[PDB]
Structures are given as C-alpha cells and as structure tokens.
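# Structural overview
What follows is the residue order along each chain.
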Amino acid sequence: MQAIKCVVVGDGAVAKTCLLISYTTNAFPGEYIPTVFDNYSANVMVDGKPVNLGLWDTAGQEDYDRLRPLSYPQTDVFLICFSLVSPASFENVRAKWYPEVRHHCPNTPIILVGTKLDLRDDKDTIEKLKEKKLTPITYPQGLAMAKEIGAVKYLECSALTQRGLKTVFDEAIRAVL
Amino acid sequence: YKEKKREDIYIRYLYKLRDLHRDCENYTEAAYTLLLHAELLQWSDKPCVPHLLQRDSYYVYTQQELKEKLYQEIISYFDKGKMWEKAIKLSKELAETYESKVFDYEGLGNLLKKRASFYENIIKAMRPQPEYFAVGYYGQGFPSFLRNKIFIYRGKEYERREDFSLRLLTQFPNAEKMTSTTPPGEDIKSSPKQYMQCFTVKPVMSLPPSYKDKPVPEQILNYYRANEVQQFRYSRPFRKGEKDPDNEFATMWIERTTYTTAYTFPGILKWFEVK
Amino acid sequence: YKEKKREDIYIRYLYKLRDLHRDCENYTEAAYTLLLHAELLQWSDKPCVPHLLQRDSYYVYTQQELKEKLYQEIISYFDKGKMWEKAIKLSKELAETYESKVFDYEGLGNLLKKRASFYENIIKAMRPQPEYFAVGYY
C-alpha cells in the first residue's frame, strides 16, 4: 500500500482545480462543490494493487515561483496543463511553464493535458476567438508540443463532460506504472 | 414465498441464490442467505420438521446440529468475506450453545481459534470502503419492479462513478442518461425508452452502539463508515441570491436529499431500492 | 490485619504467603492469594491509592492495568494448577473488560487462545481426586 506524488501547475485562468476536484469528488458533471482549500488527494486502484495519491495543486501566479519549486523534489510524476482555447496559455506554457518546469525537474515522467475540450469545438467560442483574434488551437500542434518535449503522453479533456478525464488520471498514474 | 409461507421451497430458492452468489463469490451475500435459512432454526435438540432436512445430506440431524453446521459455514464465508464482525457475533453464540448444551469443548477450541484469527485480522489490516451510487430507473419499458424506481448499489471498493454507469449500461440496452440528476421526468414517468441516471451518494455513518463517546480506535468506526447502513444523503449545489462575481456564498444552497432504504448494506442483494 | 483494615501491610503479607505457597508450588493457593489481592482492585482507570502500588514494579499502573496484570498471572497459576474452571471464569471477565474498556483485541486473541487450551484440557484428560481427612487436635 503506497502513495504517489503528482503535481499540477497552470495559469489561474483555466481553473484546473475544478477538474481535479470534480474527478476526486466523483462529481456528476457540472455538480462539483468548490471547497476552500487546495492540494487534493485520493486512494486509487488501477492495476495490480490500489495506491494512495496526493495532487499537488499549485497556483500559477508568477510570484509563487519561489514556493512552487520547493514542492518539486521527489515528485513521482508531474502534470503540465493548459487551456486548449487559450493561445495565451500556450504562450505561457511553451514560454514559462514548460521551460522552468523542465529546468527545476529535468528528470520526471511528464504528461501534457488540454482543457475546455468541449469549448475547443464550441462554435461561439471559436468565433469569439476569431473576432478577438485568438486561435482555437487544435490537437496536432499540441502533439507537436508533446513531441517537442517528448512527454510520455499528451491528452485533452473537459470539465463539464469529464471525457478522458478518468483516462487522463489513468495514464498519469501509469506513467510510474 | 415468504409471504406464502411455504417454507420448504423457500429454503430451496434460498440455496439456489446461494449457488448464484457463490458463483459470484459474494461471500457476504451467500452467508447472509444461509443466515436467513438458519434464522428459522432453533438450538433445540429435536429435529422438528424434515422440511429443514435438505437434499445436501439427510439423516437425523438434530435441530441443534443443523443450526451449528450452518453457523460454521456462515462463519467460513464471513472470514473469506473479510467481515469478521458478524463472524465474531455468531462465534460467540456458537460457543455459548456449546457450553450450555453440548459440552463439546474441542469445538470451543477450534471456534475461538478462528475467533482470534478474526480479531487479529480486524485490528491489523485495512480494507477499502466500497462506493455507493443512486440508480434512478425511469421510463416505461422497464419491468414492473423497475419502472420509476430508484435503487442504491453497493458497488465495488473503488468503482469510479461512470465505470459503474457503463457496467449498468452493459446490463441494460437503450443505455442513455438523463442529465437532470435530481428530479424525475414526468413524461418519462410514463414514457417508454427506459431512462436511468446514476451518481455516487454519501454513506451516512452508522451509530455504533455504546460507542457514542467512548475513545475507541478508528478501525471499528471505519468498519461502521461503510457497512450496516441505510441512510444516504446527496449534496445539491444551488444558486439562491445574487451571483456576485468574486463570491459564491451569496447563493450557495445545498438541497441535500436523504435516502432511507428498507435493509442494511451489505445484504443478500448488492442493491436495494430506496424505501 | 484484615480486621485492622491496614490494607497495605495486609497486601505485603499476602505476597509473603504467595512466596511461601510458590515455594510449595501450591499454585491453587498462591493464585487464590493473588485473587484476594485483586479483589480490592477495580476495573476503573484511575489508580486510586499507591498503597496497591507494590514494590515489584512501580509506575503509573492504572487501576485497570494492575488488575488485569494480576488476573493474567492468576490465570497462569490456575493453568499450571490444573484448575481450569476458575481460569475460564476469570478469562471471561478479562475479555469483557478488554472489549468494553480498552479495545485491545490482541489481548483478546491470546487470552482466549489459552481459554481454548483450557477447555481442551478439561474435557480431554483426567486428574485424581484428592482425599480429605478430619484432624482433631486435643
């Protein structure tokens, strides 16, 4: 019986915390109760034996780049995250998140994950991005980013649908396994 | 049949369901069934009816003997059922029957030997808490006992909600999901095209008797967190008030729904309609 | 002393006689003496007087603990005293104290393990009946 370290970072403009809580809550889609605290955890069976795990929820505010790294050491796996519908999130991750995460921990299995996949194909959202001159950036260039790092997996999920979300965590925990 | 009180064929189907649950290794359920059988038995000597004399073996079988043999097997099942509390409960009374009526102390020795193994198991190791879901069957294509009926399923120890959802979908064609998790659908209260919805529920804690203020360890209560349960609540998010941006507690209202089922999980059946 | 109710020195001579009976291996008698000692004890937690705290070992010894330790040793003596009935009698109540108050089930396991050994002994084997005589001193 053992536990697994698992960190998640990302800008505060995507609310990955909602994803994490809705997963751990086993919440019905669009039914999660937002708690007042961070750093969620769960006890998970996937294969062979069940394990514990704690999700290092890290706020993406740039100032906290001095407390985020102290959590990094001895991390089993880290989950880099973004918003599939935010080009600015892409600029952040390829420019700030991915680089400094790679520098702090160049040696750890890594998986990149999309968000608002439901909004990725949302006609109103994509037309708003176009009229605001942002791009509904799609999967293949996400795969290009993955191959750029060679992250052991790249995934795309959503909160209001939880699609592949369970899967997301499955390959996340099987990264060690 | 229990209504019709023809106890013999009742026992026959008891054993049928025992075969089924054993095929599913549902030791808890199988042993509960054998318990239901043993319930009608007494600790008296005289075998009152050969109706309780079944086809497995048939000779004198003093009422006492059949009851104790059943109890023995039930204890075996609880042991491999990882529910040693009930095992202990029946072990005590098997012992007292030995003491007061048969005076065969060798049975005492073996019985309580296993009893020690049980206590060791219960304090020593840890076991996962099974999740519970609320299954609301709706539509009209459902059978009589399923139409517009809500059940609770004692799923596996770590079934994610939609894993069990899919498992049920395998159990049922026309496998769709209504999205208004809380209310039923009045059209679907009569319409065909069976509609269902599933979601995890909160296992309301038990009330361990004589424990309400005792400084007991955690193991006993963790046992009591999952089993011997009938009460179930579900937290209901709601907006009631102004939806100010920086704040949500201007509108947070939780319309929890308690669920009281006829029987106690776990039971002979791994699910039950909410009574 | 029992008349005089100075219980402490009373316990002291209790232990003296225990030493004597042990020297005679009169496990029955020795264990009865320890029983007489344990009689005044309670199953409460608070060690009410350090008078019952003897010289064999001395620290907190919650009343409960001292009583149960005594009971344990008494059970040992009855076992090698070949009088398992009284052993069973005290084993029951040691168990119930465990259940209702300390919740240490390992003690349950070991205690009732010995309890089974006792029942086995009593049904299985046979033991001689001691003779009794009338001694008239004049």
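Criteria and thresholds
Residues numbered from 1 in each chain as written, not as in the entry; some residues may be left out. Chains lettered and ligands numbered in written order. Part of a larger assembly, values for the part shown. Heavy atoms only, no water. Helix = DSSP H or I, 4+ residues; strand = E, 2+ residues; numbered from the N terminus. Buried < 20%, exposed > 50% of the residue type's maximum accessible area, 1.4 Å probe, protein only. Contact = heavy atoms within 4.5 Å. Areas by Shrake-Rupley, 256 points an atom, 1.4 Å probe, with all protein chains shown as cover. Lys, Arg positive; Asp, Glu negative; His and termini not counted. Charge placed at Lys NZ, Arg CZ, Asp CG, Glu CD. Axes fitted to C-alpha atoms, helices over the stretch in contact; angles between N-to-C directions. Parallel < 35°, antiparallel > 145°, perpendicular 65-115°, else oblique. Left-handed = near helix turned anticlockwise from the far one by under 90°. Nonpolar A, V, L, I, M, F, W, Y, C, P; charged D, E, K, R; others polar. Pairing = 2+ DSSP bridges. Expected span 1.5 Å × (residues − 1). Salt bridge = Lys/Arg side-chain N within 4 Å of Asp/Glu carboxyl O. Buried area = accessible area lost by both parts, 1.4 Å probe. Polar contact = N/O pair within 3.5 Å; in protein donor to acceptor, adjacent residues only side chain to side chain. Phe/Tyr/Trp six-rings, centres within 6.5 Å; stacked < 30°, edge-to-face > 60°.

Going by the header, the method for this PDB entry is cryo-EM, and the resolution given is 4.23 Å.

### Comments concerning the overall build of chain C
In terms of regular secondary structure, chain C is built from five helices and zero strands. The order of α-helices and β-strands along chain C, N terminus first, is α-α-α-α-α. Its C-alpha atoms put chain C at 45 × 40 × 20 Å along the principal axes. For chain C, the residues scored as buried account for 38% of the 138 residues in total. When contacts within chain C are restricted to residue pairs at least 6 apart in sequence, those whose partners lie at least 24 apart make up 52%. Counting only carbon and sulfur atoms, one obtains 57% of the accessible surface of chain C, whose full area is about 8,900 Å². The distance from the centre of the 23 positive side-chain charges to the centre of the 22 negative ones in chain C is 3 Å.

### Points about the packing of helix α4 (residues 84-102) of chain B against helix α5 (residues 105-124) of chain B
All names here are of chain B. The contact between α4 and α5 brings their axes to 10 Å, and the two run at 160 degrees. The angle between the axes of α4 and α5 places the two elements in the roughly antiparallel class. For the pair α4 and α5, the crossing hand works out as left-handed. Residues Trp84, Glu85, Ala87, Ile88, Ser91, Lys92, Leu94, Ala95, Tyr98 and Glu99 of α4 lie in contact with α5, whose contacting residues are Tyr105, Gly107, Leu108, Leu111, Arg115, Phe118, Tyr119, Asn121 and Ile122. Class assignment for the residues of the contact of α4 with α5 results in 12 nonpolar, three polar and four charged.

### A few points about the sheet that holds strand β2 (residues 41-47) of chain A
Residues and elements named next belong to chain A. Across the sheet, six strands lie side by side as β2-β3-β1-β4-β5-β6; this open sheet has mixed pairing. Looking at the sheet topology across the chains shown, the edges are occupied by β2 and β6 (153-156). Ignoring which end each strand starts from, the neighbouring axes of this sheet average 25 degrees apart. Relative to strand β5 (residues 110-114), strand β4 (residues 77-81) runs parallel, the two being bridged by four bridges. Looking at β5, one finds that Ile80 is bridged to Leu112.

### A closer look at helix α3 (residues 63-80) of chain B
All names here are of chain B. The terminal C-alpha atoms of α3 lie 26 Å apart, and with 18 residues this matches the ideal 26 Å at 1.5 Å per residue to within 8%. Extensive coverage of α3 is indicated by the burial of 13 of its 18 residues. Looking one or two places after α3, you find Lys82, whose phi comes out positive at around 60 degrees.

### Topic: the pattern of salt bridges
Inspection of the entire model under this criterion finds 24 salt bridges over all chains. The shortest N-O distance in the salt bridge between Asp45 of chain B and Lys46 of chain B comes to 3.7 Å. In this structure, the salt-bridge partner of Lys214 of chain B is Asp213 of chain B, at a minimum N-O distance of 3.4 Å. The network of salt bridges with shared partners includes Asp124, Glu127, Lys128 and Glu131 of chain A.

### Digging into unusual backbone geometry
Backbone torsion omega between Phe265 of chain B and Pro266 of chain B reads -5 degrees, so that peptide bond is classified as cis. In this structure, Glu25 of chain C is a non-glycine residue whose phi angle is positive, near 60 degrees. Residue position: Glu25 of chain C is located in the loop between α1 (7-23) and α2 (27-40). Taking relative accessible area as the criterion, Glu25 of chain C reaches 48% and is therefore assigned partly exposed. One non-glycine residue, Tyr61 of chain C, lies in the positive phi region at around 45 degrees. Tracing the backbone shows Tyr61 of chain C in the loop between α2 and α3 (63-80). Owing to a relative accessible area of 10%, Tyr61 of chain C belongs among the buried residues under this scheme.

### Structural notes on the interface of chain C and chain B
Listed per partner, the contact involves 12 residues of chain C and 18 residues of chain B. Carbon and sulfur atoms make up 82% of the area that chain C and chain B hide from each other, which totals about 1,300 Å². Put simply, chain C and chain B have zero salt bridges between them. For the interface between chain C and chain B, the tally reads zero residue pairs in polar contact. Tallying contributions element by element places helix α5 (residues 105-124) of chain C first for the side of chain C that touches chain B, with 10 residues. Classifying every residue of the side of chain C that touches chain B gives seven nonpolar, one polar and four charged.

### A short note on the sheet that holds strand β6 (residues 259-265) of chain B
Residues and elements named next belong to chain B. With antiparallel pairing, the three strands of this open sheet are ordered in space as β4-β5-β6. Looking at which strands have only one partner, the edges of the open sheet turn out to be β4 (202-203) and β6. The sheet contact formed by β4 and strand β5 (residues 229-233) spans two bridges and is antiparallel. Residue pairing for β5: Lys202 is matched across the bridge by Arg233.

### Section: the interface of chain B and chain A
Where interface size is given, it is often the accessible area lost as the parts come together that is meant. Between chain B and chain A, the residue contacts involve 15 residues of the former and 14 residues of the latter. Here chain B packs against chain A, burying approximately 1,300 Å² in sum over the two surfaces, 54% of which is carbon and sulfur. A per-residue breakdown of the area chain B buries against chain A is headed by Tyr158, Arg160 and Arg161 of chain B, which together make up 43% of the total. There are two salt bridges connecting chain B and chain A. Note that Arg236 of chain B and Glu31 of chain A form a salt bridge whose closest N and O atoms lie 3.6 Å from each other. Elements that contribute at least two residues to the side of chain B that touches chain A include exactly α6 (161-171) and β3 (195-200) of chain B. Sort the elements by how many residues they give to the side of chain B that touches chain A and α6 of chain B lands first, with three residues. Among the residues forming the side of chain B that touches chain A, the class breakdown is seven nonpolar, three polar and five charged.

### Looking at the packing of aromatic side chains
Tallying each qualifying case throughout the model produces 33 aromatic pairs over all chains. Ring centres of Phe82 of chain A and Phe90 of chain A lie 5.3 Å apart, and the angle between their planes is 65 degrees; on these two criteria the pair is classed as edge-to-face. Each member of the pair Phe82 of chain A and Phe90 of chain A is classed as buried. On the basis of an interplanar angle of 45 degrees and a centroid distance of 4.1 Å, the ring pair of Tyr59 of chain C and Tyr61 of chain C is categorised as tilted. When its relative accessible area of 49% is taken as the criterion, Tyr59 of chain C is described as partly exposed. Here the aromatic cluster, defined as three or more aromatic residues joined through ring pairs, consists of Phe133, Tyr137, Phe142, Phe151, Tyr153, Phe164, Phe172 and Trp271 of chain B.

### Here's the deal with the side chain of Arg68 of chain A
Residues and elements named next belong to chain A. Mapped onto the secondary structure, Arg68 falls in helix α2 (residues 68-71). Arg68 gets classed as buried once you look at its relative accessible area, which sits at 3%. If we skip the residues at most four places from it in the chain, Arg68 touches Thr58, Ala59, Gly60, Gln61, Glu62, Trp97 and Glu100.

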